[PDB]
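**Student:** Dumping the structure here so I can ask a few things about it.
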Amino acid sequence: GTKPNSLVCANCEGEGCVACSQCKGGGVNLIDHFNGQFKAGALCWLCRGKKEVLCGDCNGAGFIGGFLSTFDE
Amino acid sequence: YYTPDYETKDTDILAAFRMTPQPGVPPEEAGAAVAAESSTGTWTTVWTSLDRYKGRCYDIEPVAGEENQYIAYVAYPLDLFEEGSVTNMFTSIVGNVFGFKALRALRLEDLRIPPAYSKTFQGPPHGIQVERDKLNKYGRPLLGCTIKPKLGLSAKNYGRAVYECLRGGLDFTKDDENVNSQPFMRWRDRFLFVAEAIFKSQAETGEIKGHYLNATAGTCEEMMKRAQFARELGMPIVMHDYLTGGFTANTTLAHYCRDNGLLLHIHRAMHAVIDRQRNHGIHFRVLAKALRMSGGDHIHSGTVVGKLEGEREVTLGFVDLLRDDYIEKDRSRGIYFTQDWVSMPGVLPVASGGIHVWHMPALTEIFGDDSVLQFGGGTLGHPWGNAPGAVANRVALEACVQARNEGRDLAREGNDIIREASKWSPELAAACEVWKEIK
Amino acid sequence: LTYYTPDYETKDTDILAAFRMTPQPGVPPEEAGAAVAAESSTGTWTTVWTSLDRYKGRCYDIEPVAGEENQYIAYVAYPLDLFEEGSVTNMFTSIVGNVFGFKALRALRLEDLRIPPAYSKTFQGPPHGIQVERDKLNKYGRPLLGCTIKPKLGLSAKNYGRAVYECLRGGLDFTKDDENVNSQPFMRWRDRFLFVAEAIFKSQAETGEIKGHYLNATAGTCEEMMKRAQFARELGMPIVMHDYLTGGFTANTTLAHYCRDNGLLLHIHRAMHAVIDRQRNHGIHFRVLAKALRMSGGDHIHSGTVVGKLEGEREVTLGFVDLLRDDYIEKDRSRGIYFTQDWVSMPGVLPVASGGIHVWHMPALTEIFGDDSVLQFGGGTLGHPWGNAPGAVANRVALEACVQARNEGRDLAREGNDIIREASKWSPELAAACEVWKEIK
Amino acid sequence: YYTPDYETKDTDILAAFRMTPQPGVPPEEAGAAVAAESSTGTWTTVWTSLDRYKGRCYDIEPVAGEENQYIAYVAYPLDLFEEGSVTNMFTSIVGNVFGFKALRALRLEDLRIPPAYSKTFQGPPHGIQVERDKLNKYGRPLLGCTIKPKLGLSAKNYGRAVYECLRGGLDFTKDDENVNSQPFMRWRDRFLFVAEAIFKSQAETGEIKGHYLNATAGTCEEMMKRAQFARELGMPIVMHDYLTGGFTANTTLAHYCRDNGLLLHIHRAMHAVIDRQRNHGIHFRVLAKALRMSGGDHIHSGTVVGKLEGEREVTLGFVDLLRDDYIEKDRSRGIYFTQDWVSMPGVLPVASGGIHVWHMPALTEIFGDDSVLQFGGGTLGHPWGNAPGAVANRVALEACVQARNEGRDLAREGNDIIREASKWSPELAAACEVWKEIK
């Protein structure tokens, strides 16, 4: 998850956030997800109109080794 | 001192440390000097009958894999310790032994406490079986969460997040270790707002909920004041830090809880300064035994869902010491002595760190339904908010428990169980898109 | 972003720290520093969970240690509003609670701290101090003397009191008790207290000087600890003793508060400390625990003899002795001092020397420490071929000999052996002791 | 003394007084005599090192517009004052300086308290942000009223007027300053009848209401008895007089309120004997600083409506000292020193006097929504009774808040905003016929 000689998280390049794939940075449903629950033109069902989610590798830290991205030991 | 023909008695305290003698010192001579530098301080009968008031080395073994390493065994008489005192036990066995120059590194590993000495202690306030009856929860592991980051929030806003998480389906809610009383939030008005949210969430779900309230203070007069105010509001549980507050203050708090019906939660802070290196300090398995005698119901132990063979046995070794009643000798798991607790209550372990939904099958299979799981950024990071975030964790847990009671391996069938479950819960679905799967 | 601000200027209301680091092979040094400031505070480098802003710590300096390729010094500053007034436990919990479990490093060690005057005014400090105690004891111009009953063990209370009475009448001032003696089946405490009190008055009634004896007050619970302190006040004893490392800071602060309100003297004995400050790359230096005690409260403390220290050493000891005793200390990197410290009129603490010492070590001890310390003798008093009372006279006669010469312009450094011999001529107890203990040349 | 080159450090207390020397005394020699007559009492080193235990003058300025007037500056060491004591601060700076026979008039103006000395005080019990959360009121100033004249009324009848006013829409209700315990009404049965009316009015409107109960007494044993009885009934606020009771008694009451969760209201009686003349006494802005350190939540300031330019700035100047956290130097507003409160809670100001409906746009624009407005005859003088009188005031206040949240100016519209509002409220209409318009 780190980068060349650096504790920086690659997935987000030290930012703590990623773009919403579903809306593809748009903000509105493009297909009918959840069959009869999410339409194909309503607000994005995930981000809900922000086109940005939290990174998983690092829970909003920007770096790897830490107490927000490790198993307690 | 070295009496290889010595036979330990049934009322003796035994210890075992590893040593790294300087080049030149013979191993059999170094061992006898550790037993003397711990008790009298001499090898002659010049100042003397004393005789029986001294320690003795009765065994020496060479450590495999390293040429300069040995294991020593020492025995101590029973009349050298004060009844009911944990402070006296540490100050006598180790008051000046790491300052010895003829050595380079020393580490204490294990201790054996005879039943004739354990009967003078009170032990945990309630235990395991009694605690489960007070909460009316059976079958599965308990859940919890902690408001970690934030900081600077007002008392009103602090109680807002507590109400949201508890309503979602969680059982407990924690505080932060470095929050006692500060200009941005005082302790008395934080207690008032927290207790108000507990009562509201108990009327919608009809289940018992709680929250750990920090009671650490700078003086013993101030620490006891905060414990009595938690009883007037009918709170069920408190919290303390037993490594920076001291052993004397911890024993006083344990006695109060037993006489008033309160649960105690223990956090281990500053511990990494003592038990991280492999050749100097005191192993954590020794400090766990001292906590059981002093008093406590919960304790932090760390996650092992990220270890390998060789490891995952040392940690599994001392988990049994906190819950079982009779543990046999096993050197492969780091147990040097056979211990009997003569019917003493157990302690519930707590696992924490950065965990999420895809870790449900792993934790359940290893620990069993006798532990508490705590979540940090895995609950407050949901894209929809706090309350929907707690719904995802509950769902996943129930799934694993059910599968287990149908004969389904949780070690293999795991990603499958989670997936087929995200096929009737929109909240879990969204969460399964933020975090990635486990190979 | 501020994390690693190589330009930020500190304010008069900030707490500063400095640790040495051993990064793993590959980790850039300027990035490891910022990670220490985050793991000791928020835990993030992004404004996602955030106005918070000012509630975070920051690194503002990095230096390379000469002589080793993998070694650096980092400087961190903390805001004032992060700490609770009058609490020493909170400071240690906040500064280092999860910093040594970090894995991107290999070894860490805290070295020094700076406490602003805006934070030192919320503490009480030592109960009495240095100048006030000398008025209570009415002793001026020379260091004090004491002795400890180290071995023995298993003796009855009457025999225990007999030795104390014999030692106190020889000319000594104080008397100590063994660290691991609180209450045991062979001897309880309520009768040992009575016998010691009985002996003290008889010893005092003859020589016409004020004497004392350290009484151990460590217990397993705070209810029991406070019971043994009031009994010593009922008998009119002047001093007690406590261990502040195996008992904790919470129990020590209450004892200091009680001692202030009743006119008692507190003696502090450091134990178990060897597990923390022995290695050169992991733990906490003793000079931080020394500063902590001054804020918590105390009058005496064990420091360490220095006459066995050579060049390169003997400097850090003289530095933290000045930190313990003085009122204003300047920065000096050659003595292990990284910050300028101001105590705004706080009382000092008396240092205590100990170990295996005899009569031939007197001039060196007097020259170095000065007449502001306490000298404790172990086997050098009860080992005399004639007994204890003749044993104390040799030490008393020797100490005076050194002081007088000093006040005449003689060099206690080059000489000392001669000075000691000239006194032995007119003192038979001084002799005999010079036939058992040899002289350093 | 007179040390011009002296540079003050960060741990010194500074003061500034104006002087009127007698004809003949040079100005530079009179300044040095004040600094001595305040500390040692001598100009020579005969009785003496003392040295550092003395005060010193470091600046002198001439006052424009008057030939015989000067401003002096004095600095004092930190070690001259006892921690946590306000009584000691006044008795040292001013114990005998106005009895000097070489002067004709003296007046203290300002003080500077370094942060190294403010940290030893407790401060206000709750503050501003905490108090608003306890009452659940945001966005608008609070309202109140006081039963002023009357007198001789029975306890039953006294509680009748309280119930009527609170039901109309008011927030608080006051008492009278000279009512503690008298033959026509004792204190214990007046508390009982007041608490009964609060509960009744809280069930019809569903809003939190309160009433200030006087707790002044002749002895400290009697004063604390009346404070504990107000906690058993669950009353939220009390009242004290801090200028006739003393500073020692006021500090004791502040500590009790913090440990039990009560609000403190402060009234300033007898103050006019000290700070009315322009050449002798102590300015009110100094006594306001001492009240913040001692403890308090509310304080009386004064309606600045009927004031002109030149004025309305001295008043606005020390309002910022009671609410802000960092105030810069400004001589045009009567501020001689830069003050930093290092995160201390603020104090809510109170305005009173003879005010009515037409004075609503004026007060809102100046003070803002961070004050309390009290009415006397502008409530009990309504031609229809008490309950309708409180409706008028409530209706008028809401009209002003809305307008400002639209861009309308309150310095012009005013009379308009009020008229249009009296076109859908019969009570406001009647009130707009008793009192006259504002030009």
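Following the order of the structure tokens, chains are lettered A, B, ..., residues in each are numbered from 1, and ligands are numbered from 1.
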Quick one: DSSP helix (DSSP H, G or I) residues in stretch 322-363 of chain C, as a list in words?

**Tutor:** residues 322, 323, 324, 325, 333, 334, 335, 359, 360, 361, 362 and 363 of chain C

**Student:** What's the 7 Å shell around residue C:39, counting only C-alpha atoms, without same-chain residues fewer than 6 positions away, as a VMD selection string?

**Tutor:** (chain A and resid 66) or (chain C and resid 98 to 99)

**Student:** Okay, now the selection with N, CA and C atoms, as an mmCIF file, in the first residue's frame?

**Tutor:**
data_model
loop_
_atom_site.group_PDB
_atom_site.id
_atom_site.type_symbol
_atom_site.label_atom_id
_atom_site.label_comp_id
_atom_site.auth_asym_id
_atom_site.auth_seq_id
_atom_site.Cartn_x
_atom_site.Cartn_y
_atom_site.Cartn_z
ATOM 1 N N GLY A 66 -0.164 2.553 11.220
ATOM 2 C CA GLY A 66 -0.836 3.444 12.191
ATOM 3 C C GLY A 66 -1.935 2.738 12.973
ATOM 4 N N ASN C 98 0.315 5.611 22.829
ATOM 5 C CA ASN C 98 0.589 4.715 21.702
ATOM 6 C C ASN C 98 1.628 5.402 20.818
ATOM 7 N N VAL C 99 2.898 5.298 21.200
ATOM 8 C CA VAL C 99 3.989 5.741 20.335
ATOM 9 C C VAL C 99 5.078 4.696 20.175
#

**Student:** Write out as a PyMOL selection string each polymer residue whose atoms come within 6 Å of residue D:14, counting only C-alpha atoms; drop sequence neighbours fewer than 3 positions from it.

**Tutor:** chain D and resi 74-75+111-112

**Student:** Tell me, as a list in words, which residues lie within 9 Å of residue A:5, counting only C-alpha atoms; anything in the same chain fewer than 6 positions away does not count.

**Tutor:**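 The contact residues come out as residues 26, 27 and 28 of chain C.
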
**Student:** Would you save the residues from that selection as a PDB file, in the first residue's frame, using N, CA and C atoms?

**Tutor:**
ATOM      1  N   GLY C  26      14.979   2.368   4.515  1.00  0.00           N
ATOM      2  CA  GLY C  26      14.124   2.744   3.372  1.00  0.00           C
ATOM      3  C   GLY C  26      13.210   3.911   3.697  1.00  0.00           C
ATOM      4  N   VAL C  27      12.835   4.068   4.969  1.00  0.00           N
ATOM      5  CA  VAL C  27      11.887   5.151   5.367  1.00  0.00           C
ATOM      6  C   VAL C  27      12.624   6.492   5.358  1.00  0.00           C
ATOM      7  N   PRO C  28      12.241   7.464   4.506  1.00  0.00           N
ATOM      8  CA  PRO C  28      12.854   8.793   4.536  1.00  0.00           C
ATOM      9  C   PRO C  28      12.751   9.386   5.949  1.00  0.00           C
TER      10      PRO C  28
END

**Student:** Which of chain A end up as strand (DSSP E or B) when DSSP is run on this backbone - answer as a PyMOL selection string?

**Tutor:** chain A and resi 3+6+8+17-18+28+43+53-54+63+71

**Student:** Save out the residues we just selected, N, CA, C and O atoms, as a short mmCIF file (atom, residue, chain, number, x, y, z; two decimals), in the first residue's frame.

**Tutor:**
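Writing done, so here's result26.cif:
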data_model
loop_
_atom_site.label_atom_id
_atom_site.label_comp_id
_atom_site.auth_asym_id
_atom_site.auth_seq_id
_atom_site.Cartn_x
_atom_site.Cartn_y
_atom_site.Cartn_z
N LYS A 3 4.34 3.62 -1.04
CA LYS A 3 4.92 3.93 -2.37
C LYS A 3 6.45 3.89 -2.28
O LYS A 3 6.97 3.93 -1.14
N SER A 6 8.49 5.28 0.86
CA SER A 6 7.55 6.30 1.39
C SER A 6 6.35 5.61 2.02
O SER A 6 5.88 4.61 1.46
N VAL A 8 3.49 6.82 2.20
CA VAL A 8 2.25 7.41 1.59
C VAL A 8 1.38 6.29 1.01
O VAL A 8 1.95 5.36 0.41
N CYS A 17 -9.61 9.84 0.24
CA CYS A 17 -10.93 9.83 -0.44
C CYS A 17 -10.78 9.32 -1.88
O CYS A 17 -9.68 9.47 -2.43
N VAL A 18 -11.84 8.74 -2.44
CA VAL A 18 -11.80 8.19 -3.83
C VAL A 18 -13.11 8.56 -4.54
O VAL A 18 -14.10 8.81 -3.83
N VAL A 28 -25.85 10.82 -10.50
CA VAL A 28 -27.23 10.32 -10.77
C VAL A 28 -27.15 8.90 -11.32
O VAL A 28 -26.21 8.61 -12.08
N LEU A 43 -30.97 10.29 -7.96
CA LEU A 43 -29.69 10.58 -7.25
C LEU A 43 -28.84 9.31 -7.16
O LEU A 43 -29.43 8.22 -7.02
N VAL A 53 -15.91 9.00 -2.00
CA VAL A 53 -16.09 8.09 -0.84
C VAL A 53 -14.77 8.00 -0.07
O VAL A 53 -13.76 8.49 -0.59
N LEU A 54 -14.79 7.39 1.12
CA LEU A 54 -13.56 7.25 1.94
C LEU A 54 -12.70 6.10 1.39
O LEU A 54 -13.28 5.15 0.83
N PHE A 63 -1.40 7.92 5.31
CA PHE A 63 -0.19 7.06 5.40
C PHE A 63 -0.60 5.65 5.82
O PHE A 63 -1.77 5.45 6.19
N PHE A 71 -3.93 -4.19 12.54
CA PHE A 71 -4.54 -5.11 13.53
C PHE A 71 -3.86 -4.90 14.88
O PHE A 71 -2.61 -4.92 14.92
#

**Student:** Report as CSV: every residue of chain D with an atom at most 12 Å from chain B, its closest pair of atoms, and their distance in Å to one decimal, counting only C-alpha atoms, with rows sorted by chain and ascending residue number.

**Tutor:**
residue,atom,partner,partner_atom,distance
D:119,CA,B:183,CA,11.4
D:122,CA,B:183,CA,10.8
D:123,CA,B:183,CA,11.2
D:124,CA,B:183,CA,11.9
D:125,CA,B:186,CA,10.7
D:126,CA,B:186,CA,9.5
D:127,CA,B:183,CA,11.2
D:129,CA,B:154,CA,8.7
D:130,CA,B:155,CA,8.1
D:131,CA,B:189,CA,10.8
D:132,CA,B:156,CA,10.2
D:133,CA,B:156,CA,6.8
D:134,CA,B:156,CA,9.0
D:135,CA,B:156,CA,11.6
D:136,CA,B:156,CA,10.2
D:258,CA,B:188,CA,9.1
D:259,CA,B:188,CA,8.2
D:260,CA,B:188,CA,9.0
D:261,CA,B:189,CA,8.3
D:262,CA,B:189,CA,11.5
D:342,CA,B:183,CA,10.1
D:343,CA,B:183,CA,7.4
D:344,CA,B:183,CA,8.1
D:345,CA,B:183,CA,9.0

**Student:** Go ahead and save the residues from that selection, with N, CA, C and O atoms, as a compact mmCIF listing (two decimals), in the first residue's frame.

**Tutor:**
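Wrote it out as out06.txt, contents follow:
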# COMPACT_ATOMS: atom_id res chain seq x y z
N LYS D 119 -4.41 31.53 35.42
CA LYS D 119 -4.64 30.09 35.40
C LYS D 119 -4.91 29.52 36.78
O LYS D 119 -5.30 28.35 36.88
N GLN D 122 -10.75 29.87 38.99
CA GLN D 122 -11.72 28.95 38.38
C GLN D 122 -12.49 29.62 37.25
O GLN D 122 -12.66 29.03 36.18
N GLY D 123 -12.97 30.84 37.47
CA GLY D 123 -13.70 31.56 36.46
C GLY D 123 -15.20 31.38 36.57
O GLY D 123 -15.72 30.96 37.61
N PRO D 124 -15.92 31.70 35.50
CA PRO D 124 -17.37 31.52 35.52
C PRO D 124 -17.73 30.06 35.67
O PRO D 124 -16.99 29.17 35.22
N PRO D 125 -18.86 29.76 36.32
CA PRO D 125 -19.24 28.35 36.50
C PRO D 125 -19.47 27.60 35.20
O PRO D 125 -18.87 26.54 34.99
N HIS D 126 -20.31 28.13 34.31
CA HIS D 126 -20.65 27.45 33.07
C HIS D 126 -20.17 28.21 31.84
O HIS D 126 -19.42 27.67 31.03
N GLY D 127 -20.58 29.47 31.69
CA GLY D 127 -20.19 30.28 30.55
C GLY D 127 -21.39 30.66 29.70
O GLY D 127 -22.51 30.82 30.21
N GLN D 129 -21.72 29.29 25.98
CA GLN D 129 -22.09 28.18 25.12
C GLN D 129 -22.76 27.06 25.91
O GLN D 129 -23.73 26.45 25.43
N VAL D 130 -22.27 26.77 27.11
CA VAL D 130 -22.84 25.70 27.92
C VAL D 130 -24.24 26.08 28.40
O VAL D 130 -25.14 25.23 28.45
N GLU D 131 -24.44 27.35 28.75
CA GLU D 131 -25.73 27.77 29.29
C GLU D 131 -26.83 27.67 28.23
O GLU D 131 -27.96 27.27 28.54
N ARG D 132 -26.52 28.03 26.98
CA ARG D 132 -27.53 27.97 25.93
C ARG D 132 -27.97 26.54 25.64
O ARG D 132 -29.12 26.32 25.25
N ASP D 133 -27.08 25.57 25.83
CA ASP D 133 -27.44 24.17 25.62
C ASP D 133 -28.37 23.65 26.71
O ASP D 133 -29.21 22.79 26.44
N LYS D 134 -28.23 24.16 27.93
CA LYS D 134 -29.10 23.72 29.02
C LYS D 134 -30.52 24.22 28.86
O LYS D 134 -31.47 23.58 29.33
N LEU D 135 -30.70 25.37 28.19
CA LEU D 135 -32.02 25.96 28.03
C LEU D 135 -32.66 25.66 26.68
O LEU D 135 -33.88 25.82 26.54
N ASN D 136 -31.87 25.24 25.69
CA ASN D 136 -32.36 24.91 24.35
C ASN D 136 -33.03 26.12 23.69
O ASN D 136 -34.18 26.07 23.26
N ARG D 258 -20.71 25.36 40.83
CA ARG D 258 -20.02 24.52 39.86
C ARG D 258 -20.16 23.04 40.19
O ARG D 258 -20.28 22.21 39.29
N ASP D 259 -20.16 22.69 41.48
CA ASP D 259 -20.21 21.30 41.91
C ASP D 259 -21.63 20.74 41.95
O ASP D 259 -21.79 19.54 42.20
N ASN D 260 -22.65 21.56 41.71
CA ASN D 260 -24.03 21.10 41.78
C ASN D 260 -24.87 21.43 40.55
O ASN D 260 -26.01 20.96 40.46
N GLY D 261 -24.35 22.22 39.61
CA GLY D 261 -25.09 22.52 38.40
C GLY D 261 -26.15 23.59 38.57
O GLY D 261 -27.34 23.33 38.36
N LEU D 262 -25.73 24.79 38.96
CA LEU D 262 -26.64 25.92 39.12
C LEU D 262 -26.08 27.13 38.39
O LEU D 262 -24.87 27.26 38.19
N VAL D 342 -6.75 33.50 27.52
CA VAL D 342 -6.35 32.10 27.32
C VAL D 342 -7.50 31.12 27.53
O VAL D 342 -7.45 30.27 28.42
N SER D 343 -8.54 31.25 26.70
CA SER D 343 -9.68 30.31 26.69
C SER D 343 -10.42 30.30 28.03
O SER D 343 -10.48 29.28 28.71
N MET D 344 -10.99 31.45 28.39
CA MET D 344 -11.87 31.54 29.54
C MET D 344 -13.31 31.81 29.09
O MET D 344 -13.52 32.53 28.10
N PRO D 345 -14.30 31.24 29.76
CA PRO D 345 -15.70 31.46 29.35
C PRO D 345 -16.12 32.91 29.53
O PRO D 345 -15.59 33.65 30.35

**Student:** Would you pick out the contacts of residue A:50 at 9 Å or less, using only C-alpha atoms, so that residues sharing its chain but fewer than 6 positions from it are not included, and give the list as number ranges by chain?

**Tutor:** A: 19-20, 25-27, 44

**Student:** Kindly save the residues from that selection, with C-alpha atoms included, as a PDB file, in the first residue's frame.

**Tutor:**
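Final output, saved to selection.pdb:
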ATOM      1  CA  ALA A  19     -14.322   8.979  -6.645  1.00  0.00           C
ATOM      2  CA  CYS A  20     -17.749   7.214  -6.760  1.00  0.00           C
ATOM      3  CA  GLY A  25     -18.214  11.250 -10.932  1.00  0.00           C
ATOM      4  CA  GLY A  26     -21.683  12.230 -12.232  1.00  0.00           C
ATOM      5  CA  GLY A  27     -24.183  12.175  -9.323  1.00  0.00           C
ATOM      6  CA  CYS A  44     -26.638   8.252  -7.063  1.00  0.00           C
TER       7      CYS A  44
END

**Student:** Work out how far apart atom CA of residue B:120 and atom CA of residue B:339 are and give it in Å to one decimal.

**Tutor:**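 Computing the Euclidean distance for atom CA of residue B:120 and atom CA of residue B:339 yields 16.7 Å.
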
**Student:** Please, which residues of chain D lie no more than 12 Å from chain C when the count uses only C-alpha atoms, and can they be set out as a PyMOL selection string?

**Tutor:** chain D and resi 10-11+77-80+82-84+114-122+342-344

**Student:** Could you tell me how far atom CA of residue A:72 sits from atom CA of residue B:238, in Å to one decimal place?

**Tutor:** 22.5 Å

**Student:** Atom CA of residue B:140 to atom CA of residue B:235: how many Å, to one decimal?

**Tutor:**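 That distance, rounded to one decimal, is 23.6 Å.
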
**Student:** Would you give me, as a ChimeraX atom specification, the residues of chain C that come within 8 Å of chain A, using only C-alpha atoms?

**Tutor:** /C:26-28,31,39,43-46,48-49,102-104

**Student:** Need the shell around residue B:360: protein/DNA/RNA residues with any atom at most 12 Å away, counting only C-alpha atoms. Skip same-chain ones fewer than 3 positions apart. Format as a PyMOL selection string?

**Tutor:** chain B and resi 141+143+305+355-357+363-368+373-375+392-401+410-411+413-415+417-418+437-438

**Student:** Emit the selected residues as a tab-separated table (two decimals), in the first residue's frame, including N, CA and C atoms.

**Tutor:**
chain	number	residue	atom	x	y	z
B	141	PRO	N	-21.03	-13.20	20.38
B	141	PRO	CA	-20.15	-12.17	20.94
B	141	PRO	C	-20.83	-10.79	21.01
B	143	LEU	N	-20.91	-6.52	20.86
B	143	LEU	CA	-20.41	-5.54	19.90
B	143	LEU	C	-20.21	-4.20	20.60
B	305	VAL	N	-5.75	-11.71	13.77
B	305	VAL	CA	-6.23	-12.02	12.39
B	305	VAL	C	-5.17	-11.56	11.39
B	355	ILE	N	-10.55	-2.94	11.80
B	355	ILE	CA	-11.26	-4.15	11.30
B	355	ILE	C	-12.52	-3.71	10.54
B	356	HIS	N	-13.13	-4.61	9.76
B	356	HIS	CA	-14.33	-4.25	8.96
B	356	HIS	C	-15.25	-5.46	8.77
B	357	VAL	N	-16.17	-5.40	7.81
B	357	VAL	CA	-17.19	-6.47	7.63
B	357	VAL	C	-16.55	-7.77	7.13
B	363	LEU	N	-12.74	-13.67	13.07
B	363	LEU	CA	-12.74	-13.42	14.51
B	363	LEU	C	-13.65	-14.39	15.25
B	364	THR	N	-14.80	-14.73	14.66
B	364	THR	CA	-15.75	-15.60	15.34
B	364	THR	C	-15.18	-16.99	15.57
B	365	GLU	N	-14.47	-17.53	14.58
B	365	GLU	CA	-13.97	-18.90	14.69
B	365	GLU	C	-12.86	-19.02	15.72
B	366	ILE	N	-12.01	-17.99	15.84
B	366	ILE	CA	-10.85	-18.08	16.71
B	366	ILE	C	-11.24	-17.85	18.17
B	367	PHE	N	-11.82	-16.68	18.46
B	367	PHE	CA	-12.10	-16.33	19.85
B	367	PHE	C	-13.29	-17.11	20.39
B	368	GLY	N	-14.29	-17.38	19.56
B	368	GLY	CA	-15.53	-17.96	20.03
B	368	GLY	C	-16.49	-16.88	20.51
B	373	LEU	N	-15.97	-7.35	20.52
B	373	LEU	CA	-15.36	-6.81	19.31
B	373	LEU	C	-15.65	-5.32	19.23
B	374	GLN	N	-14.59	-4.52	19.05
B	374	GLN	CA	-14.69	-3.07	19.00
B	374	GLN	C	-14.31	-2.58	17.62
B	375	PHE	N	-15.02	-1.56	17.14
B	375	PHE	CA	-14.79	-0.99	15.82
B	375	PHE	C	-14.50	0.50	15.92
B	392	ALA	N	-25.14	-2.48	9.35
B	392	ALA	CA	-24.35	-3.41	8.55
B	392	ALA	C	-23.59	-4.40	9.43
B	393	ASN	N	-22.99	-3.92	10.51
B	393	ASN	CA	-22.16	-4.81	11.37
B	393	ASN	C	-23.04	-5.90	12.00
B	394	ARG	N	-24.17	-5.52	12.60
B	394	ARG	CA	-25.08	-6.50	13.24
B	394	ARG	C	-25.44	-7.61	12.25
B	395	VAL	N	-26.05	-7.25	11.11
B	395	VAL	CA	-26.42	-8.24	10.06
B	395	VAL	C	-25.28	-9.26	9.87
B	396	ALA	N	-24.12	-8.81	9.41
B	396	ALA	CA	-22.99	-9.73	9.13
B	396	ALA	C	-22.77	-10.71	10.29
B	397	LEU	N	-22.70	-10.21	11.53
B	397	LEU	CA	-22.42	-11.09	12.70
B	397	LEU	C	-23.45	-12.22	12.75
B	398	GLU	N	-24.74	-11.89	12.78
B	398	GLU	CA	-25.79	-12.94	12.91
B	398	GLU	C	-25.58	-14.01	11.84
B	399	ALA	N	-25.27	-13.60	10.61
B	399	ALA	CA	-25.05	-14.56	9.50
B	399	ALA	C	-24.03	-15.62	9.92
B	400	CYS	N	-22.85	-15.20	10.37
B	400	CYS	CA	-21.77	-16.16	10.75
B	400	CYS	C	-22.28	-17.12	11.83
B	401	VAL	N	-22.89	-16.58	12.89
B	401	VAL	CA	-23.37	-17.43	14.02
B	401	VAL	C	-24.32	-18.50	13.47
B	410	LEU	N	-16.20	-22.05	8.54
B	410	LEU	CA	-16.11	-20.57	8.45
B	410	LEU	C	-14.72	-20.19	7.93
B	411	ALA	N	-13.79	-21.15	7.93
B	411	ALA	CA	-12.42	-20.89	7.45
B	411	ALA	C	-12.44	-20.81	5.92
B	413	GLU	N	-15.75	-21.38	3.48
B	413	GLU	CA	-16.99	-20.62	3.20
B	413	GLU	C	-17.03	-19.37	4.09
B	414	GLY	N	-16.69	-18.21	3.53
B	414	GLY	CA	-16.74	-16.95	4.30
B	414	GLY	C	-17.16	-15.81	3.40
B	415	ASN	N	-16.36	-15.51	2.37
B	415	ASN	CA	-16.74	-14.45	1.40
B	415	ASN	C	-18.13	-14.79	0.85
B	417	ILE	N	-20.73	-16.48	2.39
B	417	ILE	CA	-21.77	-16.13	3.41
B	417	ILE	C	-22.04	-14.63	3.34
B	418	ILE	N	-20.99	-13.80	3.36
B	418	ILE	CA	-21.17	-12.32	3.36
B	418	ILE	C	-21.92	-11.90	2.09
B	437	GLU	N	-12.51	-7.24	-0.54
B	437	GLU	CA	-12.68	-8.62	0.00
B	437	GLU	C	-11.37	-9.14	0.59
B	438	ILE	N	-11.43	-10.31	1.23
B	438	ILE	CA	-10.21	-10.94	1.82
B	438	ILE	C	-9.85	-12.16	0.98

**Student:** Could you name the residues that touch residue C:302 at 8 Å or less, counting only C-alpha atoms, but leaving out those on the same chain fewer than 5 positions away, as a list in words?

**Tutor:**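 Once the adjacent positions are removed, what remains is residues 268, 269, 270, 351, 352, 353 and 354 of chain C.
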
**Student:** Can you check which parts of chain B lie within 6 Å of chain A? Per residue, the shortest pair of atoms and distance in Å to one decimal, counting only C-alpha atoms, sorted by chain and number, as a tab-separated table.

**Tutor:**
residue	atom	partner	partner_atom	distance
B:302	CA	A:72	CA	4.4
B:303	CA	A:72	CA	5.0
B:352	CA	A:72	CA	5.7
B:353	CA	A:72	CA	4.5
B:354	CA	A:69	CA	4.9
B:435	CA	A:56	CA	5.1
